[PDB]
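Summary of structural features
This is what each chain is made of:
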Amino acid sequence: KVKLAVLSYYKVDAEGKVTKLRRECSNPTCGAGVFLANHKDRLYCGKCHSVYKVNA
Amino acid sequence: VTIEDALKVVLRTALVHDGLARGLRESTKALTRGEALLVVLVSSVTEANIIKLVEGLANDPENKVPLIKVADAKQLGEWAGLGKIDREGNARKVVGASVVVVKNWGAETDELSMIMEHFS
Amino acid sequence: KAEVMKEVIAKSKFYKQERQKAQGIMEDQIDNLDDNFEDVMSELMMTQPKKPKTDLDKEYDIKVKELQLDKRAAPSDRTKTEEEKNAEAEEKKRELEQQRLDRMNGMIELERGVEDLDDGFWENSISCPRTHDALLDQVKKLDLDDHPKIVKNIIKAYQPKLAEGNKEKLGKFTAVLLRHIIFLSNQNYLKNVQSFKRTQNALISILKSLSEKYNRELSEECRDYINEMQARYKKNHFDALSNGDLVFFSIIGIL
Amino acid sequence: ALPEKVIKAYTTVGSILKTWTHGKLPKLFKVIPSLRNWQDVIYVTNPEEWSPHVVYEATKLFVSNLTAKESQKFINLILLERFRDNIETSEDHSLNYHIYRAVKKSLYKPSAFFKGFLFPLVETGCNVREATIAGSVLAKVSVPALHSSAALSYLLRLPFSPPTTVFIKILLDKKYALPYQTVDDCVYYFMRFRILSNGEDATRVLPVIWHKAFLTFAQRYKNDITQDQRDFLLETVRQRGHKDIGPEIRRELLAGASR
RNA sequence: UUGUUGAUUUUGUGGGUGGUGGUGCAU
């Protein structure tokens, strides 16, 4: 199971600035706040089901 | 009329128009999208980085969103409507909410005016 | 007839093959689209269009929250008339009686017979106390007349619906309660025979309710006491026998 | 217009859905809900030509993926019309098994269901056969009390029609923990058929379904009404009671205690 | 809990239900 998944998705430094380590979805329909599920070979969108390259 | 009582009705009015994002994952999604007009955060959250994240997102320079502190997550969940009502009418089986974000006020009430006036 | 049947079979085989060929074509058509899936989507993404509720809809969202506020009614099944209730009762009295007379006559419910048994026999907040001692500690400070109250409270605190695993606790409690009923009889009660009588019968009634649902737990404990009684009789003879032993046989007759 | 290369591809997809019965749906079809112009992509796929198997799978796909509002549109425009089309065009006026499931999968989203089938259908000339088939789908599937009570409240305030009276009976048959406001809305609906000034509902002839619905209400909710409401409902039996159902209603209503 | 989603489900205990059922009959 995943517990406090929001904790890992968003990182805060000592200054308090928020940094996103997980890429946003390119699909405009999904909107912001949607992060792609990360895997070595490719990066995957849960909501749209699209497949993106990790390099991109 | 206290500030806490003002939020109690305001959250209920936001519920009627489906204008609340309930929970961290929904709250951060609202904040990153710029859909957040107000953030209600619990001070007694066990994990500190939860407080840091919501405070950082609420204080982002591009989209500054007002933030409120709540003593207990359980009462915030009750205002968010998570809890159910018993035969006596008291809230039963209530679920705690660490953070609640308002996407739509729904109706303009005098209690909304005090909250924005307090922030201004 | 035979030529008709052969024609029917050939047509069925013909249509089956036609359906199979169609399925073969469909799967290939699906494969090709999966191959051009990326090209088709990329064109769709570029042509994606750029970024009020009905008054009928606006009312409904208000209702659910107002209903969320309003207290909820309990449902009640239709009330049966006195004749149907009297009619319903009598068959159950009959059915138990026709089951009863069968068991009088050897119908044993594993519906085998006694003769089957005769093959090879001769040839060879509130705490639920899982143990008898645990109950006493809970009721240690309570008066004799207060035992039914605590025993009833334990059942209410641990009903099956309240939580998972309550059925085993209550079933274990059924065994515990029987020992307490027998235990009290062993204790001297000539001083307050009345108060003992008002606890003793009440506890039996509670066991009767417990037995109705926790038979297997009760029957196991009842058999255990019989073995214990025999073991004590083996060494002490009559000295093993006590008042609670007489009471124990009587309760078995009740239940 | 969509890109021309896309149009041929989804035109090819639409051909499959015509004859699709089993297997994996085309990957292009499965990604339609994510698209903003899914309606435009859906039209080129010819929804009216979708096979009953496709309608069942599409509803699973779109109700799960699309938002509540967008699901309501997919609900209202496609499956509702297909539901009406199949009953009207079928010889026995029955509904296909796959379409029948497709209504159940839409019930998984109660709001988009009620605002997309039930209220549009009853408000758009629903016939007795249509209400019976939809009511059976409503009866068998579990629906939330909150959404059902709001749905029950909506129907009770609508003008009387036998098709709507069915759905009112189905919801009452569901044996829900109706909120007292809904109970009052139920009682309000049943008073309006008494003769007093009053509308035609006082003098309108009442079919058996209303009496069964009125017998239906009394059996559970006799204990959830006040004495004054009970007395008003008793007058309804005296004025508008049925020959055989009416005495039963009076017995159930009298047997209930006040809240 | 769904397929990412958000309370629509899941669990335990109780528990009503024959009903997109047919067939004839009486305007």
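Residues numbered from 1 in each chain as written, not as in the entry; some residues may be left out. Chains lettered and ligands numbered in written order. Part of a larger assembly, values for the part shown. Heavy atoms only, no water. Residues with missing side-chain atoms left out of burial classes, pairs and counts.

What counts is decided by this rule: UniProt positions are given in the numbering used here, feature names are shortened, and annotations may be inferred rather than shown by experiment.
Named according to the PDB entry, chain D is Essential nuclear protein 1 originating from Saccharomyces cerevisiae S288C. For chain D, the Function comment in UniProt is given as "Required for normal export of the pre-40S particles from the nucleus to the cytoplasm. Its subcellular location and association with pre-40S subunit shifts from mixed cytoplasm/nucleus to all nuclear in RPS19 disruptions, suggesting it acts after the ribosomal protein." UniProt's Sequence similarities comment on chain D is quoted here verbatim: "Belongs to the bystin family."

Per the PDB entry, the recorded name for chain A is Ubiquitin-40S ribosomal protein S31, and the organism is Saccharomyces cerevisiae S288C.

Re the overall build of chain A
We apply this condition: Only DSSP runs of H or I reaching four residues or more are called helices, and only runs of E reaching two or more are called strands; each is numbered from the N terminus.
Looking only at helices and strands, chain A has 1 helix and 5 strands in total. The secondary structure elements of chain A, listed N-terminal to C-terminal, are α-β-β-β-β-β. With the C-alpha coordinates aligned to their principal axes, the bounding extent of chain A is approximately 35 × 25 × 25 Å.

Topic: the overall build of chain D
Within chain D, the regular secondary structure consists of 14 helices and 0 strands. Along its sequence from the N terminus, chain D presents helices and strands in the succession α-α-α-α-α-α-α-α-α-α-α-α-α-α.

What to know about the packing of helix α4 (residues 52-65) of chain D against helix α6 (residues 97-107) of chain D
Helix-helix packing: each pair is described by the crossing angle between the helix axes and the interaxial distance. Residue and element names in this part refer to chain D. Formally: For every element, the axis is a line fit to its C-alpha atoms; helices are fit only across the contacting stretch, and the angle between N-to-C directions ranges from 0 to 180 degrees. Throughout, the term roughly parallel applies to angles under 35 degrees, roughly antiparallel to angles over 145, roughly perpendicular to angles from 65 to 115, and oblique to all others. The criterion used for residue contact is that any of the two residues' heavy atoms lie within 4.5 Å. Under the scheme applied, nonpolar residues are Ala, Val, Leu, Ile, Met, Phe, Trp, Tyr, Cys and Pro; charged residues are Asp, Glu, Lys and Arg; polar residues are all the others, including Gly.
One can describe the packing of α4 onto α6 by two numbers: an axis separation of 8 Å at closest approach and a directional angle of 10°. When the interaxial angle is binned, α4 and α6 end up roughly parallel. Between α4, through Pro52, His53, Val55, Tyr56, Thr59 and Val63, and α6, the contact on the second element is made entirely by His98, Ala102 and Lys105. Residues of the contact of α4 with α6, tallied by class, amount to 5 nonpolar, 3 polar and 1 charged.

A closer look at the pairing of strand β6 (residues 99-102) of chain B
Residues and elements named next belong to chain B. Our working definition: A pair of strands is treated as paired once DSSP finds two or more bridges between them.
As judged from the 3 bridges shared by strand β1 (residues 20-22) and β6, these two strands associate in the antiparallel manner. Each bridged residue has a counterpart across the sheet, and for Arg22 the counterpart in β6 is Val100. Sheet analysis places strand β2 (residues 38-42) next to β6, joined by 4 bridges and oriented antiparallel. Following the sheet pairing, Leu41 is matched in β6 by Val99.

Details of the interface of chain C and chain D
Taken residue by residue, the interface counts 16 residues in chain C and 14 residues in chain D. Sorting the residues of the side of chain C that touches chain D by element identifies α2 (37-46) and α3 (55-69) of chain C as the ones contributing at least two each.

Points about the arrangement of the chains
There are 4 pairs of chains in contact here; the most contacts are made by chains C and D. In this view chain B stays clear of chain D, with the nearest C-alpha atoms of the two still 11 Å from each other.

So, the pairing of strand β3 (residues 67-70) of chain B
With 4 bridges joining them, β2(B) and β3(B) adopt parallel strand pairing. Bridging across to β3(B), B:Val42 finds its partner in B:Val70.

Here we look at the interface of chain B and chain A
Facing the 5 residues of chain B at the interface are 4 residues of chain A. The biggest single contributor to the side of chain B that touches chain A is helix α2 (residues 24-33) of chain B, with 4 residues. A breakdown of the residues in the side of chain B that touches chain A according to their chemical character gives 1 nonpolar, 2 polar and 2 charged.

Some points on the environment of D:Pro3
Residue placement: D:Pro3 occurs in the segment before α1 (4-19). A C-alpha to C-alpha distance of 44 Å links D:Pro3 and D:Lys140, two positions 137 residues apart in sequence. With sequence-adjacent residues up to four places away left out, D:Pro3 is seen in contact with C:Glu43, C:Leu44 and C:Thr47.

A look at the sheet that holds strand β5 (residues 51-53) of chain A
By way of backbone hydrogen bonds, the strands of a sheet pair with one another, either parallel or antiparallel. All names here are of chain A. Taking strand neighbours across the sheet as the criterion, the 3 strands line up as β3-β4-β5 in an open arrangement whose pairing is antiparallel. The two strands at the open ends of the sheet, each matched to only one other strand, are β3 (37-38) and β5. As paired elements, strand β4 (residues 42-44) and β5 share 3 bridges and run antiparallel to each other. Considered in β5, the bridge of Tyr44 is made with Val51.

Considering the sheet that holds β2(B)
Residues and elements named next belong to chain B. With respect to topology, 4 strands assemble into an open sheet ordered β1-β6-β2-β3, the strand pairing being mixed. Where the open sheet ends on each side, the last strands, each with one partner, are β1 and β3. Strand-to-strand twist of the sheet, defined as the mean angle between neighbouring strand axes without regard to direction, takes the value 20°. The strands touched by α2 are β1 and β6; relative to β1, the strand with the most contacts, the crossing angle is about 135°.

Remarks on the environment of B:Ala36
All names here are of chain B. Following the sequence through the fold, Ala36 ends up in the loop between α2 and β2. Here the alpha-carbon distance between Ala36 and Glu4, two residues 32 residues apart in the chain, equals 19 Å. Residues contacting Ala36, with those up to four places away along its chain left out, are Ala30, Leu31, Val65 and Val102.

A short note on unusual backbone geometry
Non-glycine residue C:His237 carries a positive phi angle of around 60°. By secondary structure assignment, the location of C:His237 is in the loop between α10 (215-236) and α11 (243-254). Backbone geometry places D:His93, a non-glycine residue, at a positive phi of 60°. Position of D:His93 relative to the elements: it lies in the loop between α5 (68-89) and α6.

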